[PDB]
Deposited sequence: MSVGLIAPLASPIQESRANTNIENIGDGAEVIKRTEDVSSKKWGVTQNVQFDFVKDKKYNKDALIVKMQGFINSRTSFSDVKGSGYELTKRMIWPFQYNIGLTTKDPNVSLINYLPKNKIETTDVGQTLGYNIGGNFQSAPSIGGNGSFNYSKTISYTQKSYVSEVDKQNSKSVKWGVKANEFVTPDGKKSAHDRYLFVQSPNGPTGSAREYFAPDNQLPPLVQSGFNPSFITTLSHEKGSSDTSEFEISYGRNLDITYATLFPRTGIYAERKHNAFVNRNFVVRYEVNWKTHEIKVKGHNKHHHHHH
């Protein structure tokens, strides 16, 4: 036990802390995942608190459009939604909590999952409210201009979507569905980049990417089989904005919504409930 990260959380209980870091340069994703085993002599089930952090590249790009008739048409690809999900198919595991649990629209998200000896979990949509738990884990992320929704939740899977909502533009607030979002008149230098809002008008989730912070707890009956597999998916859905310069009537824009869906990096992990170990089994790199 000397070379394992173990926290004593009270009489008869401890937490075994594991981590995995799995990246894909092709998908532009890093999964930095924490897997905390709750070991409690007064709780008849095993529990693994999984905290999903890392990075999902926005994959925003600006390009020329090839072909006759498209010489004054430029393309901006950008992420309408970030996808984060954890799924299992094993009968021996179920999801017993998830955070965030409800839709959250604030720029900052900060929530806590608390555990008390005897199998008691609680969640709160804030950080620093309680010093009452035997163990706690928190999530924290910023999602300026985007909102978080639970797109799917059930005993085997949880999926969150962090979706474009409303943006601050020089002309005022703009809906994420406004076909003229990010479009501007550049030509003088005629670069594809100049047909779209400069980097200082693009919020972090468009310019750079998203740093997820989500939790779900896996539950396993002691006495069922030693291992379970589960998949964690991080990715994005991209929209396209096309901007065409008509020298006599100005800039014209068209949006292709959900242009590239589920561009996701999916990693399959195995939890060994008996040895308190996590292994990477596969991925779609």
Sequence ranges without modelled C-alpha atoms (deposited numbering): 1-16, 203, 303-308
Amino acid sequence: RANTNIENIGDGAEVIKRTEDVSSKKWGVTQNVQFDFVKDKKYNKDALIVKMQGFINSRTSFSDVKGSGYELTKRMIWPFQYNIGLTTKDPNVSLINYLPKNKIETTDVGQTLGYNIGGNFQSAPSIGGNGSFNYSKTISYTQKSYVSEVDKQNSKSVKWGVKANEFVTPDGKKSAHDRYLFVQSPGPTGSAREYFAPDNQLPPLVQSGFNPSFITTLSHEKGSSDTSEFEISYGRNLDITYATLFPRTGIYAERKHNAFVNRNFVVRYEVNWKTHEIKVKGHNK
From here on, numbers count along this sequence of modelled residues.
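If you superpose the two forms and keep the largest set of C-alpha atoms that fall within 1.5 Å, you have the rigid core.
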Segment of greater CA departure in 4 other deposited structures of this protein, 99-107 or 128-136, core superposed: 128-136
Stretch departing more from the displayed form, 138-146 or 190-198, Cα RMS in 4 other deposited structures of this protein (core fit): 190-198
Coordinates absent for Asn5 in a third or more of other entries: no
195-203 or 140-148, whichever carries the higher mean Cα B-factor: 195-203
Mean C-alpha B-factor comparison - 261-269 and 7-15, higher one: 7-15
Per the PDB entry, maximal CA B factor within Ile77, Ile96, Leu113, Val168: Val168
Residue with highest C-alpha B-factor in the PDB entry, from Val38, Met52, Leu218, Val65: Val65
Chain-wide C-alpha B factor ranking for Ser225, given as lowest, middle or highest third: middle
Third assignment of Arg236 from its chain's C-alpha B-factors: lowest
B-factor third for the C-alpha atom of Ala2 within its chain: highest
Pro100, C-alpha B-factor rank within chain (lowest, middle or highest third): middle
Assigned third (lowest, middle, highest) for the C-alpha B factor of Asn92: middle
